[PDB]
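Since the structure comes first, as structure tokens, the remarks are kept for the end.
The first chain written gets the first letter, and so on, giving A, B, C, D, E, F, G, H and I; residue counts start at 1 in each chain.
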């Protein structure tokens, strides 16, 4: 009805306490470059920013 | 409205359209710049007929190949009583004869205006670069600086039916309805001269324009009415003489003096006061 | 040809307003000519083509007998309508000469668009005669007929003397009205002239006020 | 709120509280209701500050205006703001709302209420309303007096209609005549059946000379006398309408003693309503 | 798109004692560091200990 | 009304805003105690009785 | 309000590294004309990159926060309409807890992840203090049963007023208030309790929903001027 | 308008008129590259526009929990589930026409019955 | 009393149904905006008027 107008906490505490593969591929080796040639040598990446084809070998 | 024609709702529309300021921008969807190789044939399928119509019925040798096309809304030109013939002349009179214009008929499914600028006899080799740009300029000014009809500074007008008590022929007071136009924006001097309205009853919300057009005494009455409306808006009642004294003080110096330090405090009433 | 009719109608209304202004200033103007019908105006002040001849619209008015008794110093009045839109010094110069030549005490000049500054500065140059310039667009509607504008009556010198004496006032203690006031321009008031404003009051029915031109 | 889907325009979504305070507001309604109340609280704070400045400005602008012994309204400089306080010279504390009986009504009603005729038999005066109702019929000297009274009343109706274009008849006026008439009837115990002893000449002259004693301005010159006449224009219209010959004899049944009592009180009441010089 | 609403609580931040003291301490420490350098410079120039 | 019922029953009233508690439910409990359901009582003037 | 909290802020770098390792394409190679469907990723108002599969990414981020791998105070917003993914870690953001709603196909309709068993152990630890394993609020946060939500994140979730009526798929007492079900089957969160929107002062009013709103405001101010016992010392 | 961009330097192309053929050419103001135009339209101004009404539709629009669901029929697949939203244009001159997105075919239709 | 509450509940429901009808015509764009007002503004005025009258 009124879903219990009262806050029942005095005895509700007691109640709870009371209740308780086939070779169809190609495989190649991968070997690291010798470090003896990487010293005093820097390898960078070059990116041409353009929409056409740029090739310094021929262009 | 005129006392004789106050109840005629059909004439109210004539007055309403004759005072509302409308520009081409408010009655158009889009404007486009089209290029035609010659001013005798068209590339758009739609205007294939309009050119054949006007041209057959009919100078054009020196017309520029750049075309300005305006597409007007069918509904918009029907909300306000308008026809492409009148607006076409309106454009024709803004620039008297420096550009050629053709306009479709009302029966057409789409309402289109085609404009062409005619170059002078002298050839300007430098203007070809800005030829299209110039079209982009005039079209913008043709959307804004064109007054199809109405009084400037008049945004919109709405029709309302008010009740006023006028004496009856028998001798009693009876309430009859009349059509009254309410407007946003104020141009009292120009609107007061429009035919069809009652200039002896026009009222303005801003009492400043009343004073400039009708005089200080008219501004005095308008000022009181504005003050009275504010007081009476909430239903409170104040004796007339209290408001009259405030209004009289506000207009005693041959003008509307504010109640701030720039108004009554700039008089000559003693430094100590 | 609609535009032609629009100007004619506006000119006719402006002519009527000027006639009422002259009548209200205390000059002899019959009521019949004030209410001239539109068709009569188009018959006497227009031509075969239809465009009006504003030169012929100019007329002469003289003080009425009652005004002479109250103001025994007012002379004739001349009203001139300028045919050309742009008023120049040439037309202004002949207008003032036409006033000074025939002893016209007051001359009203009506222009269409504007008067050039080189001609405006010449307006106050023929005393004691006075020249008043009126724009036609401003004369289309008689502002004095508005319900908000009360009745203004100019007071004679004797009446002004009595007004101050009985109220024991000074010219600085009266309510002021500007010379540039639309009603003051309609009446041609001068500095020191007092006008009796008769207006309807909801507390006393009729209330009489006074304003001194400044 | 983060409980409705986008583009929800139902009343429950945009703040329609369907419940009452008795039933209680749901959490959505509670928040929307709280939002509305916050608007009122903010307005109260802002309105108080803004209005306070307005009141101070108004008071300082009109603080030096006073009514002088010549009835003119002037400021400290002596400049005239109004030539008579309130355009009528009365005090707001003594004004009451009264109905103007001449402006309203149809022409036929106006004729029936005020017109009195002694020659014809269309608007005749009943002989039982006064002790001289027999010899009154067929008199021309009194007929012209009645004609002038009716002519003035018709003129008053014309003037009133031109002032109040809306036809409103209830306006604030100084003296409440209706109460004075009631007091006279109740004080003297008017018979209401026996014919009165009043005469047409006495009534018309009694009202006419009463209007002369209603003095707001007492100058002895034309300008002040004209101003005095104008100041009591509206009140005289009310006075004439209420104290009409037909209305007094037919509607009020007033006696000569009662009529004299009414006239004296109206003069006394009007003089008490005049604004007092020196009032700020 | 609609203009950003200035009252949106999601665009507002609350500075508690933590952040409030952080900026205050940062300003004061900056002054302390400046004073330390001035003493170092003064000692070198004026030849003090 | 809730407080009156709580005192008569020796309980702590639950007045949290958004719950299933209704005024009618309180009234029913109050009537079970022999009191007017709406909390009205017959009183006597202290001056005259 | 009673259940509102303010974040203290943490380092955003670990999240940035985590995003990069899970496919957040860097902004140095983002070509808009070759991928006009990627969702922009923002961290503390910093555009770090774009992602091709925002739905999968958000699922991973949400799970990590709920289990306790990312700090709960971190706010994640996915603007599907604008194709933006905003992550906020700065301090000063006001947030509050809410229940988590999931499908739970066992019952066939969405329901709260918190069950009666969780509540049973919650109260057991509450009342044992006055020995089962400890179970506190932090346990709920680490179990993904509750979640901190800030104002910005509320713009992309749907919350239920109460689990009694809105969560279950869907005579009436004439005295009960008219409650709207809203007939929504996509709830993502559920309010802990609607009464928690009030503050400390407004939580003392009994039946504040039966009062005119301005009166509640007056009580809040007046409740702070009432004589009582401010402290026991 | 279909803006065209240069091919050699990616700069913005502009329209130019050649009298040798009375045709339309697009030329670059910086690198002197020409290209024949495909359409005679070069400028388009839209006072009243319907572009952006359905902005924000994505392949996973149905995953949004806030978006409301409806039972309207999709007139391309005969389905009942769908999510609807109003126009995204913020101008205070647009109608309240709804836009429905089907969760089975991603087809966008409208409830408009005036113009459609 | 009970009968008054039943009438009140129905009265509010009728107003809501009226609001439902207008909200359906606007979605179909079959509603013409009142002169001097926008479609959205006209719709809001109709909704507010119905709800205000429902309370009265």
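Worth pointing out:
Heads up, the rule we're going with is that contacts are C-beta pairs under 8 Å (C-beta built on N, C-alpha and C of every residue); 3 or more make two chains touch, one makes a residue touch a chain.
To keep track of the chains, here are their UniProt names: C = DNA-directed RNA polymerases I, II, and III subunit RPABC1; H = DNA-directed RNA polymerase II subunit RPB9.
Interface comparison, D-F versus D-H: the higher number of contacting C-beta pairs is recorded for D-H.
Among the chains present, the centre nearest to the common Cα mean is that of B. A separation of 36 Å divides the Cα centre of subunit A from that of subunit H. In terms of their C-alpha centroids, the spacing between subunit F and subunit G amounts to 39 Å. For subunit D, residues touching at least two other chains, in rising order: 5, 9, 18, 22-24, 26-27, 30, 77, 79, 81-82, 86-88, 172. Residues of subunit C found to touch two or more other chains are 175, 202-203. Interface residues of subunit G, counted against subunit E in their complex, comprise 6, 8, 90-94, 150-152, 154-155.
Taken together, the subunit C residues at the contact with subunit D in this complex read 162-163, 166-170, 172-175, 200-210. The part of subunit F that touches subunit D in the complex is made up of residues 17-18, 22-23. Note for the complex: subunit D touches subunit B at residues 57-58, 60-62, 64-65, 73, 75-77, 79, 81-82, 85-88, 92, 95, 104-110, 161, 166-167, 172. Against subunit G, the residues of subunit E that register as touching in their complex are 8-16, 18-19.
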